[PDB]
Amino acid sequence: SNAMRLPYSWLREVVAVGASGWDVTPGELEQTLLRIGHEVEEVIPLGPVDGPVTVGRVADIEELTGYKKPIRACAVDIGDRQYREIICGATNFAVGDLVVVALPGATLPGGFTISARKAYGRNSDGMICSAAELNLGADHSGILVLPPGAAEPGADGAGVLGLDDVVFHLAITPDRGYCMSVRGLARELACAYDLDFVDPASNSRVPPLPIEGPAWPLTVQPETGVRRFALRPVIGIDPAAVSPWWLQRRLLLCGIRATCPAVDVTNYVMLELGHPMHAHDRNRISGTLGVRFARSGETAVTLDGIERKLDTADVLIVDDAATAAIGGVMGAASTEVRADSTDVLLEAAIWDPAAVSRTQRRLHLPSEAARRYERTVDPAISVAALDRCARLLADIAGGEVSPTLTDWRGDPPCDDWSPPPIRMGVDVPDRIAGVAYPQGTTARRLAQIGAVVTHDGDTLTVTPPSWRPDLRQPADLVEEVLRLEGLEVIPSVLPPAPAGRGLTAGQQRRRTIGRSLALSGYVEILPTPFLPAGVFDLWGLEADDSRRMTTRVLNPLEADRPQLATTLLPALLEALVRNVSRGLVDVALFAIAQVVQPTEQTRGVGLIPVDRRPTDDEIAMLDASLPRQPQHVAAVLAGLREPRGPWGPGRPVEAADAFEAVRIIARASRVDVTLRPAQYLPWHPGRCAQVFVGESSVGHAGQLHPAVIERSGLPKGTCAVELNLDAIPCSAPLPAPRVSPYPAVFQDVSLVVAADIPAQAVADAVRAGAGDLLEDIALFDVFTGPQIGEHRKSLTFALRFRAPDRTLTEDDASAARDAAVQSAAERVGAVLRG
Amino acid sequence: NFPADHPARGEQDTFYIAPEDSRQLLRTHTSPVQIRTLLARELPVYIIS
Amino acid sequence: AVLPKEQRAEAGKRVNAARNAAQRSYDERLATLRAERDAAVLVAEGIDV
RNA sequence: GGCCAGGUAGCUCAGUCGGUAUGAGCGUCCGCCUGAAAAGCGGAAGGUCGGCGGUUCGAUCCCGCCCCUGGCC
Ligand SMILES: [Mg+2]
Ligand SMILES: [Mg+2]
Ligand SMILES: [Mg+2]
Ligand SMILES: [Mg+2]
């Protein structure tokens with residue numbers, strides 16, 4: 001991840017070398033960090049404790065038997081002539097250990113008052129504390145044991161533990177790998193507070209160790225992308241030595257457990273300077289060290305004891321006998337420092353960031369080293385970090401630094417890690433910020449962050465420091481100036497936007513459709529694009545149904561729902577079931593969204609160079625490689641369509657309500673539709689209409705198939721509609737009605753037809769034969785009584801005739817009616833009722 | 001400007017379209033709509049997606 | 001369950017054979033009746049759309 | 001990635017390490033009741049106990065793999 005944890009006391013110490021006496025409150029530090037671009041995830045004060053919390057030494061241990069768990073009655077020296085008798089359930093300590101004792105009257109976090117207790121038949125005069133009980137760390141399994149020599153019995157506990165400290169949890173953005181260390185964050189604060197910065201990696205702070213000869217034979221294949229690889233030995237370290245408390249404490253507050261001096265020092269220096277370090281047991285290295293790519297099918301056991309399957313793009317360190325490390329990710333068990341290790345070879349290497357990123361993600365090893373290397377580590381400080389490690393390890397473990405050094409720096413050797421210079425106008429940050437910064441602001445800020453700045457009239461030549469590979473273009477330098485001056489100085493002015501064209505006709509139509517459906521009683525939902533598992537099997541679709549040809553997601557949040565929706569109905573039906581199952585049984589839902597309908601197997605397009613604009617042919621190729629994604633509108637209904645009230649018991653949903661939804665959408669789109677009987681799952685084959693605009697099919701509506709309803713757990717009588725809005729053309733009619741001032745003639749006509757004849761076909765035939773005198777036609781009766789005959793029906797239409805230039809006689813109207821009757825006889829076989 | 005094999009793009013966990021390495025995905029932002037508009041429209045562009 | 005342990009193996013084997021014979025007849029009859037319903041749904045519940 | 005803890009009726013949850021979940025509260029249905037209701041009283045229906053296999057005469061329960069949440073890296 002991007003997490004960086006460090007205690008304020010260490011950060012202040014590094015800042016204070018160049019700014020003696022520097023000290024800010026944690027609230028101000030948090031705001032300053034936020035203001036320059038560092039997100040503070042959490043600010044965690046240690047403690048607090050009050051009252052007698054003191055360092056003790058366990059002087060005797062009596063094992064209390066006969067209880068559930070082993071219990072210890074301990075005599076504890078607290079620095080006076082009366083040892084305290086304390087009961088403790090932990091087992092992770094021995095006689096002679098230093099511990100932290102809370103005596104009666106002490107207060108632990110939070111609000112836990114300590115008093116003498118009567119536990120396990122004994123009298124406990126206080127308690128031995130765990131790191132968690134002190135709010136020092138997370139450890140609660142055992143109690144806290146301070147390393148020998150950390151303090152004397154009787155020392156104030158809060159002072160020895162440094163419980164007045166504050167731990168900052170930061171989330172560092174991937175462009176600022178240099179801020180994953182105390183070095184980088186201290187430098188950032190020196191910039192923010194205009195302080196003089198003393199670099200903890202400089203030669204003044206890490207004086208160079210002697211260089212009298214090579215430390216170990218090494219071969220490096222430069223194709224691995226390694227930029228630097230340094231080695232220096234420390235001989236005769238004491239296996240019995242342990243890291244001092246000040247070092248173990250800082251590791252703990254940074255989230256790293258202490259293990260042994262050699263490993264602790266490499267972790268400590270990594271946190272301090274940002275350069276990962278690794279200690280090898282030199283006595284377990286066999287022959288020449290080699291840096292090379294792994295071969296096909298090669299494996300290696302990392303120091304966690306786990307075997308790793310390697311890739312030919314993985315960079316390794318090997319000797320004659322085995323692999324020594326997965327370069328920049330984790331060392332191997334073969335050369336790992338052990339409890340009896342006495343001679344150490346320290347490794348300071350700079351790996352290729354992309355190679356490490358690929359390797360650690362493939363192996364799922366986001367180690368402290370790997371996440372730093374993948375964000376680039378400063379190659380100029382490799383030997384400084386190495387010498388820092390060697391001197392510190394020799395001091396705390398009683399060893400001796402060997403005056404030998406191997407330092408591979410490429411072929412030819414690189415003696416200057418400066419990035420390429422950058423030319424930028426002196427006023428460029430002013431223009432981008434819209435702020436006239438004071439004279440010399442840009443040059444001063446860029447020098448603060450470590451760049452070399454020269455003036456060539458009005459043009460700056462800026463060479464960034466080696467720890468800032470993110471600075472490559474003038475825009476990168478602009479960000480540095482603007483963030484350090486503070487974005488709050490940037491004014492607020494509105495841009496000069498041109499006169500726009502507003503909403504497109506399609507964007508407008510989508511609003512009107514949504515308004516009309518909502519006003520007609522439908523509730524909009526947001527449909528999920530992932531299909532429920534096996535929904536098309538519930539629908540009984542054929543194996544070759546085009547809706548089954550879906551695009552699939554590689555890594556869905558639900559492994560059983562990888563496919564993307566070719567239809568909006570599954571998501572709507574899932575929301576309908578959610579409503580009905582929770583007591584809302586009368587519901588009408590709708591949705592407007594795109595579907596995903598591929599026309600081929602998933603086919604990708606290779607990378608187009610981003611140094612130029614893609615050609616129009618390359619753009620059409622990228623578009624043709626994507627599945628078709630048209631806009632759909634859909635709705636589902638169940639239960640009562642009209643609620644009960646003082647008017648009556650209401651009306652259950654029927655297929656005609658889905659057909660009316662089509663006509664609502666059509667009127668909102670200002671298009672004419674026709675409905676034709678069809679068979680099309682998941683609809684009921686006898687209650688399904690296919691919807692047409694002109695002769696183009698745009699969807700279906702009606703009642704759902706009863707078998708689909710049963711298998712899907714849907715309410716009986718559930719109805720549905722789905723239309724393809726992309727298949728409905730955007731219309732812009734311009735009517736010119738001519739209102740006739742002459743009276744109308746009203747006549748009704750009753751026609752008998754076969755039961756399978758659609759009523760609209762009869763109305764169409766009547767309209768075709770009646771001519772222009774027909775102003776309106778409306779069906780108001782469908783009769784299937786006994787006088788009609790089996791498989792036949794009588795339809796009665798109300799007709800309104802009106803002439804544009806005269807008053808009609810009844811004969812004129814009857815003549816148009818009779819021609820409509822003959823038209824219906826010829827087209828649908830109608831017989832005049834009689 | 002997403003760099004390949006970098007935390008700026010690797011951390012961006014994305015719904016990728018099967019099979020692996022298909023260079024097709026569900027968009028993690030509507031920024032590609034802005035890219036398409038710059039390719040199709042004459043400057044200046046003031047666009048919401 | 002209340003039968004002696006020595007008799008559960010023999011009796012339980014005869015129960016499952018009879019139980020599976022009844023379950024077998026039910027499953028195919030349900031499928032037959034569902035097929036008839038699906039075959040008769042178009043005409044028996046048709047409407048003028 | 002770990003050994004665990006969880007997925008049980010329409011909703012929210014109990015409970016069983018082999019032959020009945022004598023499951024609860026609410027939801028659904030019937031009767032008395034009301035012009036029609038509801039409550040009340042008296043009763044019923046509904047789960048194939050997360051999926052696919054295996055062991056077994058027989059698996060919600062035992063074994064394996066997998067899917068989905070929690071304890072947490
Ligand atoms: Mg930048
Ligand atoms: Mg449930
Ligand atoms: Mg009742
Ligand atoms: Mg009841």
Side-chain angles (χ1 to χ4, degrees), chain A residues 1-5 41-42 132 137-141 169 171 252 254-257 299 301-309 326 329-330 359-368 370-371 528 530-535 537-538 552-563 573-587 638-640 643-652 709-718, chain B residues 11 13 15 18, chain C residues 1-31 34:
Chain A
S1 67
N2 62 338
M4 179 65 188
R5 305 171 175 88
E41 284 188 329
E42 201 176 0
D139 195 3
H140 62 263
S141 59
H169 294 242
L252 175 66
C254 295
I256 296 186
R257 264 187 168 88
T299 74
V301 177
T302 40
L303 52 84
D304 52 9
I306 298 180
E307 193 174 32
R308 308 292 181 171
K309 301 181 182 301
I326 303 184
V329 178
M330 179 161 42
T359 300
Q360 72 92 353
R361 293 181 193 278
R362 283 192 290 253
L363 301 176
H364 295 71
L365 287 175
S367 63
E368 298 277 359
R371 64 197 192 100
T528 172
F530 296 87
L531 290 167
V535 63
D537 293 335
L538 293 176
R552 293 168 176 82
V553 170
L554 186 67
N555 52 327
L557 285 192
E558 290 177 296
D560 50 327
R561 290 170 166 245
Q563 310 182 41
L573 291 167
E574 177 170 316
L576 180 145
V577 161
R578 169 175 285 273
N579 281 285
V580 168
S581 80
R582 296 176 178 282
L584 299 130
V585 299
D586 313 309
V587 67
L640 293 173
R644 71 172 169 181
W647 42 81
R651 185 176 59 76
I709 288 179
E710 288 177 0
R711 295 188 293 257
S712 302
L714 295 169
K716 291 194 176 183
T718 296
Chain B
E11 296 165 342
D13 198 5
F15 290 113
Chain C
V2 303
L3 215 61
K5 312 184 178 182
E6 303 175 350
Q7 312 177 22
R8 298 201 184 106
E10 177 195 15
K13 189 173 182 179
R14 292 184 273 99
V15 169
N16 297 326
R19 190 176 191 87
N20 285 267
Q23 188 68 38
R24 170 77 67 177
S25 297
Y26 168 82
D27 292 336
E28 48 195 14
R29 188 62 182 165
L30 177 65
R34 283 171 166 175

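Proteins get letters first, then strands, A, B, ... in listed order; numbering begins at 1 in each.
No Watson-Crick or G-U wobble pair links D:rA14 with D:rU56 when both atom distances must be under 3.5 Å. In this structure D:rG64 is paired with D:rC52, meeting the Watson-Crick or G-U wobble definition at both distances under 3.5 Å.
Both distances falling under 3.5 Å, in either a Watson-Crick or a G-U wobble arrangement, place D:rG25 opposite D:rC11. Base pairing analysis places D:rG35 opposite nothing; no Watson-Crick or G-U wobble pair with both distances below 3.5 Å involves it.
With RNA chain D read from its 5' end, the first of the two nearest nucleotides for C:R19 and A:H364 is the one closest to A:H364.
Proximity note for C:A1 (side chain, C-beta onward) versus D:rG10, D:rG19, D:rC68: the nearest is D:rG19.
In this strand, D:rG7 does not stack on its neighbour D:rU8 by the test of ring centres under 5.5 angstrom and planes under 30 degrees.
A heavy atom lying under 4.0 Å from RNA chain D marks none of the residues of residues 644-652 of chain A.
The distance from atom CD of A:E558 to atom P of D:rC67 is 12 Å, rounded to the nearest whole Å. If you take CZ of A:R578 and P of D:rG27, they are 20 Å apart, rounded to a whole angstrom. Here D:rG19 presents its P atom at 19 Å from CD of C:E6, a figure rounded to the nearest Å.
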Just by protein heavy atoms under 4.0 Å, how would nucleotides 48-63 of chain D read 5' to 3' in B, S and -? ---------BS-----
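Judged by the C1'-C2'-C3'-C4' torsion, the sugar of D:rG19 sits on the south side, since the angle is negative.
A:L365 comes within 4.0 angstrom of no nucleic acid atom, judged by non-hydrogen atoms across all strands.
Residue A:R582 places at least one side-chain N or O under 4.0 Å from the OP1 or OP2 atom of D:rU12.
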